[PDB]
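Note that we place each Cβ from the backbone using ideal geometry, even for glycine, and neighbour counts take in every protein chain shown. What follows is calculated from the coordinates using simple rules that are stated; it is not laboratory data.
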Amino acid sequence: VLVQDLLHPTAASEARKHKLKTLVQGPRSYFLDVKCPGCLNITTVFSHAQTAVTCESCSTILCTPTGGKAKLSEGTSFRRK
Amino acid sequence: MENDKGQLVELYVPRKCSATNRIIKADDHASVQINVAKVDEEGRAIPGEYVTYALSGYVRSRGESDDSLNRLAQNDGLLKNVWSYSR
Amino acid sequence: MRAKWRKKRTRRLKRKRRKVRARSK
Amino acid sequence: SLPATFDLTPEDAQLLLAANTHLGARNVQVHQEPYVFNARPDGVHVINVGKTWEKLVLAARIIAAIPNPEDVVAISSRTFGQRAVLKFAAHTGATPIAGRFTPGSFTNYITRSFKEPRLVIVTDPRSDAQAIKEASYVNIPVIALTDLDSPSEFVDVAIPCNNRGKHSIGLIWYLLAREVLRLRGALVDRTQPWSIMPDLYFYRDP
Amino acid sequence: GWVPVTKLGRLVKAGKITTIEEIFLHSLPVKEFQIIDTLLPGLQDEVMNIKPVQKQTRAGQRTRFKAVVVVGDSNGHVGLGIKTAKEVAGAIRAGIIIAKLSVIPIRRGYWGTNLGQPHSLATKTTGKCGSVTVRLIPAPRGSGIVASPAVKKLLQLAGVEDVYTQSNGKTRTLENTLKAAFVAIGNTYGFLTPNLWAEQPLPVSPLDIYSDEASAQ
Amino acid sequence: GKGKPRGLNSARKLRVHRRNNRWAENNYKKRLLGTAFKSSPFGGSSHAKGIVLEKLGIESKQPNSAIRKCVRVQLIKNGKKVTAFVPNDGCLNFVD
Amino acid sequence: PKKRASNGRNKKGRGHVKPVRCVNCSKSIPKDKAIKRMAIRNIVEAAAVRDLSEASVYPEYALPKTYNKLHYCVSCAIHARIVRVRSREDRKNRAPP
Amino acid sequence: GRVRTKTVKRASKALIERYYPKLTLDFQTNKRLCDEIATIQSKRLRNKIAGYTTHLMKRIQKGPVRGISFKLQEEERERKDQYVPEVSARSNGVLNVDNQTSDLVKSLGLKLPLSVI
Amino acid sequence: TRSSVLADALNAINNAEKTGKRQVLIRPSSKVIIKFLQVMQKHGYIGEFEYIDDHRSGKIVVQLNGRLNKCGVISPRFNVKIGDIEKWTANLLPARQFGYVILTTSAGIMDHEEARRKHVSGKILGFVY
RNA sequence: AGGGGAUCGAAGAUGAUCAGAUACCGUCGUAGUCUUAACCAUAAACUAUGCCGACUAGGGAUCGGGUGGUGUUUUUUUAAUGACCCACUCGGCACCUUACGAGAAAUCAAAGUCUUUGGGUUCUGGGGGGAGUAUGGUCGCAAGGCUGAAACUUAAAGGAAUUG
Ligand SMILES: NC[C@@H]1O[C@H](O[C@H]2[C@@H](O)[C@H](O[C@@H]3[C@@H](O)[C@H](N)C[C@H](N)[C@H]3O[C@H]3O[C@H](CO)[C@@H](O)[C@H](O)[C@H]3N)O[C@@H]2CO)[C@H](N)[C@@H](O)[C@@H]1O
Ligand SMILES: [Mg+2]
Ligand SMILES: [Mg+2]
Ligand SMILES: [Mg+2]
Ligand SMILES: [Mg+2]
Ligand SMILES: [Mg+2]
Ligand SMILES: [Mg+2]
Ligand SMILES: [Mg+2]
Ligand SMILES: [Mg+2]
Ligand SMILES: [Mg+2]
Ligand SMILES: [Mg+2]
Ligand SMILES: [Mg+2]
Ligand SMILES: [Mg+2]
Ligand SMILES: [Mg+2]
Ligand SMILES: [Mg+2]
Ligand SMILES: [Mg+2]
Ligand SMILES: [Mg+2]
Ligand SMILES: [Mg+2]
Ligand SMILES: [Mg+2]
Ligand SMILES: [Mg+2]
Ligand SMILES: [Mg+2]
Ligand SMILES: [Mg+2]
Ligand SMILES: [Mg+2]
Ligand SMILES: [Mg+2]
Ligand SMILES: [Mg+2]
Ligand SMILES: [Zn+2]
Ligand SMILES: [Zn+2]
């Protein structure tokens, strides 16, 4: 810790750092793609859900909002892109 | 330090720190100079022939000495796979 | 004398000084 | 640049891992963070022993380089390998200091302890920090055996190890003396192991 | 002749180092008062001040004397020391001993023009003994030493020809004023100008060149 | 920091605030209040003629003892009575 | 000049602590100040415990304890040497004896 | 009480240093010894110097004593500090590590004799 | 609130290089930082610097070579006559030999000597030595 | 001003105490203490330390929030909301070590980045007294608050630390 690389820092330390504290502030949030217990229709849901999102018809509960990433319900799928 | 006609006028020219490039003064007795020994084939270092480094009172005190050598050593070549340039 | 009690002492002085001046109506 | 053969000589590797010099401290002290490989759970942070070896290499070569072997000071007050500094010191010029340091030894030209070395080496930079202070008074460079938890102040190039007792300390001085006797000296045959026992450098009993 | 007890005293008494600038350059802790005697003959000492100080015994008091001396030549090697002792001339004596163990290099300089043997300092410098800052400014030639007579003497033996000064603090405390100005000139060579930007090999430290004749006999 | 405005437009806040604090300077105060022309026995002049009322010996302060031989004088231009010391040795005999 | 950086004892980011009454002087003193040493005693002590356990019914029984937390102001606590004077760096140590 | 002052101790301490082989556990002989190799202005002073330096002896014949060293002690010092084991690293065939320090082997480009747990 | 943005920079530069570090992270990045950083680097007192693009005002990374005593700023940025550059240069510069008072003229950022040859002038900015 | 009035308790009354004892200590006790409505606007109202922004150093405890723990524990998926452990990261009340620095020192992660003197901005101070007095104004029912001089006097006053 005298001379180091600020231009090319390791992502080992940079990914445990703060969202604003990376060399360029990144979003730490992602986007799912989800279905029902019984339905194929794919909802595009945000990783941290302030709203309680529904899958459209038959008025389901996909996720209950938290102080953070939404808490999903029982079982259903997810894909991070 | 030159002079009028180009005739050097000065009493002495001090030594930059190898780590900080900062002058080492006369009362700088905190400072340290390091002698690393050149070798022939299969070791057995040559007397009179050294690789030399200078670490002033500051860097030694502030705690970058061991690290500022590994920093320095690899470049002229001493060691490999020791000091990272990134944390 | 105590700081505090010098205060009380002149706070009495200013009362008497107001009163004597009052007699000038 | 160093010839290939000076590489860690894998037979020596398991001698290290037998002496447990790979077992670091339970706290890091960020100047020692480049000297760690990873942290085993249940408390140990493993030292890279190749960086360790490359230090003994660099340590030696500087110990070697010092023109006169007699003033190169090897200091230990620690009964956990104070002994090794007598063994190291006979195998080189190396005037040892083993036991209490008697402060004012490098300063204070009167005292019976006076010295003016061009190099100083220390087992434990904490309990030997007395002399480390006096180092920077007289300009003397310094080598040390530094655990992960151990002070980084005023020590020049220094060697990581366990120094929680016994082997690692002696194992390094034994390795140090061996390596400084190999470098220049009379050992040669660098591939050839030493007859001398590493446990000769181990403090004993009762 | 003296009886050198230290590793440097050998290389001195032998005749193997003829200038202090070597002892300076490698930052060598001169421990022997006679070392700098040889290297610098005719090094002029002036006694600045003598004053008594008073402690108490298990009842009454204690009396002894503080001595303030400056040793320099004209060429930029200067020292300053304070010794306090029982006798007076003993304090003066041992004062000059400590004054010599302190002597220090000086980076001199020109004003606007490099003609003819630098008359001034390199940059502006300052140094502070507690509460007292003495600050040195590069005057031109013919200006002389602008400073209080107490410092002017130090800057004389410092080998300063022309200089400017500014002081902030308790100046009537003399022992702190000279120590302040002593930090000042004793800085200029630590001030890195573009002259000294020039890269250098790290000259080889005669301590190990003469290592033979050095170590104890 | 520095607690005082450096802004390029701040001249008046500076020019004023100094004009305000100058009042703390004793010498400056006296000049504006006209202290000498009012509160001083001399008019603010360097000398005053006056006439002696009574010869006055005055005891000295600690740690001294002697009689200081002064006089009471009534300034002509003024009328203000003032006490002045008569110096040297036995010059009190010179004034009546 | 400041003697302590707790100044008398620890507040550090509040405006008040409702003061407590001394168990000796009755002197008032903030709860954040005011030396408090919890004191539990044997209900019996002395050699009483022997002939008391003798004189009692119940098999072997068990012994209750009095529970009191005494609060002390400085002036009293020092006089009664619940606490004593220490040196410049001795005062520093907060470790309980 | 019976405490002996420094002139005594600082003598007896320096006697055993340079005279150890010629010194004994017998006081009365060391008394006669003290009159030869040393000079002591008064008789009574000598007996105390002898009396402690034999007490200093009977402890140095019972074990190493802190304040002083000498020839014969520093000799068996070098002698008695020798002993090596027959073999000690032996070790029992491979070497025992727990998984991680072993990765360092698979890191540095080495093999060794690997036993994990 | 952050009011200079340049002085916030030259401080971070001046700070670390006086603690021995070789590299410094500046943010945000003024084009006036850049022009200053230029005259610094071209006169040697610093190393080479690499602009960094956020979608924000952007960062910088400056390599420190040592050898730099002080980089600084004059706020407020005074109006300076031409004859009055001499009385500035004598003030904050270490010696008449070297050192740089850096202004901002209508011709743009430069040092005091570069100003002298062109015979221009403007508001003051900072200093380098 | 009503309501209230348990306790404690100015004034006071006493008993003791002392050469005296208008007190400290003891018994009683008015206002007060509590409340409602309305004033008052002072406290060592203290961290005796302005606010905003940046920068420079290590260390463990802890409060709140978030992220990762195919870590842990209690039930009857030993899976599920919890609590616990561990690592990371903001934001807190503090604390420790070092002095990188700073200071007259005591000390200070700011009280640093200050004669290499300027990021922005608000307030105050200019020897000790006299004196927070006099006067005017203003606010208050009043006690008082806010504002706030001068004449004159004086060589010290003061801070920190040291030895006694
Ligand atoms: N602003 C808090 C910061 O916490 C930082 O990190 C601290 C903690 O956040 C971090 O977590 C520690 C953990 O290391 C340690 N081994 C156990 C400890 N319980 C943890 O702390 C955690 O649990 C405690 C309650 O137990 C909570 O109060 C705390 O918020 C939480 N972070 O460990 C650090 C303490 O050793 C730094 N100390 C420092 O930047 C600063 O103090
Ligand atoms: Mg007050
Ligand atoms: Mg009237
Ligand atoms: Mg005593
Ligand atoms: Mg007087
Ligand atoms: Mg409190
Ligand atoms: Mg309060
Ligand atoms: Mg009623
Ligand atoms: Mg009652
Ligand atoms: Mg009464
Ligand atoms: Mg009487
Ligand atoms: Mg009487
Ligand atoms: Mg009476
Ligand atoms: Mg009576
Ligand atoms: Mg009463
Ligand atoms: Mg009533
Ligand atoms: Mg107030
Ligand atoms: Mg308080
Ligand atoms: Mg206040
Ligand atoms: Mg939490
Ligand atoms: Mg000026
Ligand atoms: Mg005043
Ligand atoms: Mg008032
Ligand atoms: Mg009024
Ligand atoms: Mg005092
Ligand atoms: Zn649905
Ligand atoms: Zn009490």
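What number of residues within segment F:61-93 satisfy the criterion of being over 23 Å from F:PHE42 (Cα atoms) and more than 21 Å from the chain's Cα centre (by Cα)?
Taking segment F:61-93 and keeping what is over 23 Å from F:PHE42 (Cα atoms), we get F:61-67, F:88-91, F:93.
Going one step further and asking which of them are more than 21 Å from the chain's Cα centre (by Cα), we end up with F:62-67, F:88-91, F:93.
Within segment F:61-93, residues that are over 23 Å from F:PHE42 (Cα atoms) and more than 21 Å from the chain's Cα centre (by Cα) number 11.
Which residues, counting only those in segment I:19-42, are within 17 Å of I:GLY99 (Cβ to Cβ) and either within 16 Å of ligand 26 (Cβ to nearest atom) or surrounded by fewer than 16 Cβ atoms within 10 Å (Cβ to Cβ) (or both)? Break it down stepwise before answering.
Initial filter on segment I:19-42 (within 17 Å of I:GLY99 (Cβ to Cβ)): I:36, I:39-42.
Residue satisfying the conditions is I:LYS42 alone.
What about B:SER84, is it hydroxyl-bearing (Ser, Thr, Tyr) and loosely packed, with under 14 Cβ neighbours inside 10 Å? Step through it out loud before you land on a result.
Working: hydroxyl-bearing (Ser, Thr, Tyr): yes; loosely packed, with under 14 Cβ neighbours inside 10 Å: yes.
When the stated conditions are applied, B:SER84 passes them.
What's the number of the only condition in (1) more than 13 Å from chain B (Cβ to nearest Cβ); (2) surrounded by fewer than 24 Cβ atoms within 10 Å (Cβ to Cβ); (3) assigned to a loop (DSSP other than H, G, I, E, B) that D:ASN163 fails to meet?
D:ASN163 satisfies every listed condition except (2).
Out of segment I:71-129, which residues are in contact with a strand residue (DSSP E or B) (Cβ under 8 Å, 6 or more places away or on another chain) and assigned to a helix (DSSP H, G or I)? Give the derivation first.
Taking segment I:71-129 first, the residues in contact with a strand residue (DSSP E or B) (Cβ under 8 Å, 6 or more places away or on another chain) are I:71-74, I:77-80, I:85, I:88-89, I:92-93, I:95, I:97, I:99-107, I:109-113, I:115, I:118, I:120-129.
Scanning segment I:71-129 gives I:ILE85, I:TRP88, I:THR89, I:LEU92, I:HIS112, I:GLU113, I:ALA115, I:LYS118.
Restricting attention to segment B:58-87, report how many residues are within 7 Å of chain D (Cβ to nearest Cβ) and part of a loop (DSSP other than H, G, I, E, B).
The number of residues fulfilling the criteria is 9.
For I:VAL62, only one of the following conditions fails: (1) away from chain B (no Cβ under 14 Å); (2) farther than 20 Å from A:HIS8 by Cβ. What is its number?
Unmet condition: (2).
Do we find a residue being more than 14 Å from chain B (Cβ to nearest Cβ), within 28 Å of B:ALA19 (Cα to Cα) and crowded, with 18+ Cβ neighbours inside 10 Å anywhere in segment I:84-97? Give the steps one after another, and end with the answer.
At the first step, the residues of segment I:84-97 found to be more than 14 Å from chain B (Cβ to nearest Cβ) are I:84-94, I:96.
Within this subset, residues satisfying the condition of being within 28 Å of B:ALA19 (Cα to Cα) are I:93-94.
When the remaining residues are screened for being crowded, with 18+ Cβ neighbours inside 10 Å, the result is I:93-94.
Yes, that holds for at least one residue.
Of the numbered conditions (1) closer than 14 Å to D:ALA18 by Cα; (2) part of a loop (DSSP other than H, G, I, E, B), D:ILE169 satisfies every one except a single condition; which is it?
That leaves (2) as the condition not met.
Can you tell me which residue is surrounded by the fewest Cβ atoms within 10 Å (Cβ to Cβ) among those in segment B:1-57 that are within 14 Å of chain I (Cβ to nearest Cβ), of a type in the set (S, T, N, Q) and under 22 Å from E:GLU21 (Cβ atoms)?
B:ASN3
Given the conditions (1) among the aromatic types (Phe, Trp, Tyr); (2) out of contact with any strand residue (DSSP E or B) (no Cβ under 6 Å at 6 or more places or on another chain); (3) closer than 22 Å to E:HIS77 by Cβ, which single one is not true for E:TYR210?
Condition (3) is where E:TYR210 drops out.
H:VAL105 passes all but one of (1) touching a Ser or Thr at 6+ places or on another chain (Cβ under 9 Å); (2) in a helix (DSSP H, G or I); (3) within 14 Å of another protein chain (Cβ to nearest Cβ); which number fails?
Only one criterion in (1) touching a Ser or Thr at 6+ places or on another chain (Cβ under 9 Å); (2) in a helix (DSSP H, G or I); (3) within 14 Å of another protein chain (Cβ to nearest Cβ) is unmet by H:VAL105, namely (1).
Give segment H:62-102 a look and list any residue that's at the interface with chain D (Cβ under 9 Å from one of its Cβ atoms), polar (S, T, N, Q) and exposed (fewer than 11 other Cβ atoms within 10 Å of the Cβ), or say none.
Residues satisfying the conditions are H:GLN82, H:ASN99.
Among the residues of segment E:23-32, is any facing another protein chain (nearest Cβ under 10 Å), aliphatic (A, V, I, L, M) and touching a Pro at 6+ places or on another chain (Cβ under 7 Å)?
Checked segment E:23-32: at least one residue is facing another protein chain (nearest Cβ under 10 Å), aliphatic (A, V, I, L, M) and touching a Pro at 6+ places or on another chain (Cβ under 7 Å).
What single numbered condition from (1) in a loop (DSSP other than H, G, I, E, B); (2) touching a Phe, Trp or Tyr at 6+ places or on another chain (Cβ under 8 Å) fails to hold for I:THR1?
(2)
Does H:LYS58 fit the bill of being surrounded by 16 or more Cβ atoms within 10 Å (Cβ to Cβ) and assigned to a helix (DSSP H, G or I)?
Working: surrounded by 16 or more Cβ atoms within 10 Å (Cβ to Cβ): no; assigned to a helix (DSSP H, G or I): yes.
No.
For A:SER29, indicate whether it is touching a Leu at 6+ places or on another chain (Cβ under 7 Å), near RNA strand J (Cβ under 10 Å from one of its atoms) and more than 14 Å from chain B (Cβ to nearest Cβ).
no
Which of (1) within 7 Å of another protein chain (Cβ to nearest Cβ); (2) assigned to a loop (DSSP other than H, G, I, E, B); (3) over 26 Å from D:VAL120 (Cβ atoms) does D:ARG26 not meet, given it meets every other one?
Against the list (1) within 7 Å of another protein chain (Cβ to nearest Cβ); (2) assigned to a loop (DSSP other than H, G, I, E, B); (3) over 26 Å from D:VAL120 (Cβ atoms), D:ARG26 comes up short only on (1).
Would a scan of segment I:65-77 turn up a residue that is within 14 Å of chain B (Cβ to nearest Cβ), crowded, with 18+ Cβ neighbours inside 10 Å, of a type outside the set (A, V, I, L, M, F, W, C) and touching a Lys or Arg at 6+ places or on another chain (Cβ under 7 Å)?
Within segment I:65-77 (the criterion being within 14 Å of chain B (Cβ to nearest Cβ), crowded, with 18+ Cβ neighbours inside 10 Å, of a type outside the set (A, V, I, L, M, F, W, C) and touching a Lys or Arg at 6+ places or on another chain (Cβ under 7 Å)), the answer is yes, since at least one residue qualifies.
Exactly one condition in (1) over 17 Å from I:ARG96 (Cβ atoms); (2) within 14 Å of chain I (Cβ to nearest Cβ); (3) over 19 Å from the mean Cα position of the chain (by Cα) is false for E:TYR110; which is it?
Condition (1) is where E:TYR110 drops out.
Would you be able to say whether some residue in segment I:7-30 is at the interface with another protein chain (Cβ under 9 Å from one of its Cβ atoms), more than 11 Å from the chain's Cα centre (by Cα), part of a strand (DSSP E or B) and not aliphatic (A, V, I, L, M)?
Our first condition is that a residue be at the interface with another protein chain (Cβ under 9 Å from one of its Cβ atoms); within segment I:7-30, this holds for I:17, I:19-25.
Keeping just the survivors that are more than 11 Å from the chain's Cα centre (by Cα) gives I:17, I:19-25.
From what is left, the residues that are part of a strand (DSSP E or B) are I:23-25.
Then keep just the ones that are not aliphatic (A, V, I, L, M); that gives I:23.
Checking segment I:7-30: at least one residue is at the interface with another protein chain (Cβ under 9 Å from one of its Cβ atoms), more than 11 Å from the chain's Cα centre (by Cα), part of a strand (DSSP E or B) and not aliphatic (A, V, I, L, M).
Condition (residue is aliphatic (A, V, I, L, M) and assigned to a strand (DSSP E or B)) applied to segment D:103-116: is it met by at least one residue?
Looking through segment D:103-116, none of the residues is aliphatic (A, V, I, L, M) and assigned to a strand (DSSP E or B).
Take the residues in segment A:47-66 that are polar (S, T, N, Q) and out of contact with any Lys or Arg (no Cβ under 9 Å at 6 or more places or on another chain), then tell me which one is nearest to ligand 27 (Cβ to nearest atom).
So in segment A:47-66, the residues polar (S, T, N, Q) come out as A:47, A:50-51, A:54, A:57, A:59-60, A:64, A:66.
With out of contact with any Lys or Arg (no Cβ under 9 Å at 6 or more places or on another chain) added as a condition, the list becomes A:50-51, A:54, A:57, A:59-60, A:66.
Details: A:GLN50: 58, A:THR51: 62, A:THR54: 69, A:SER57: 77, A:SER59: 71, A:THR60: 70, A:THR66: 53 Å.
The qualifying residue nearest to ligand 27 (Cβ to nearest atom) is A:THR66.
Those residues that are within 16 Å of ligand 5 (Cβ to nearest atom) and of a type outside the set (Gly, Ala, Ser), I need them from segment F:59-93; list them, please.
Here is the first cut: in segment F:59-93, the ones within 16 Å of ligand 5 (Cβ to nearest atom) are F:59-66, F:68.
The answer is F:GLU59, F:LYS61, F:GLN62, F:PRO63, F:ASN64, F:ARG68.
Could you grab me the full set of residues in segment E:122-163 that are away from every other protein chain (no Cβ under 13 Å), more than 15 Å from the chain's Cα centre (by Cα) and among the β-branched types (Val, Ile, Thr)?
Across segment E:122-163, the qualifying residues are E:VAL132, E:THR133, E:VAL134, E:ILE145, E:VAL146.
Kindly indicate whether E:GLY116 is surrounded by fewer than 17 Cβ atoms within 10 Å (Cβ to Cβ), within 14 Å of chain I (Cβ to nearest Cβ) and in a loop (DSSP other than H, G, I, E, B). Let's see the steps before the verdict.
Numbers: surrounded by fewer than 17 Cβ atoms within 10 Å (Cβ to Cβ): yes; within 14 Å of chain I (Cβ to nearest Cβ): no; in a loop (DSSP other than H, G, I, E, B): yes.
It is false that E:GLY116 is surrounded by fewer than 17 Cβ atoms within 10 Å (Cβ to Cβ), within 14 Å of chain I (Cβ to nearest Cβ) and in a loop (DSSP other than H, G, I, E, B).
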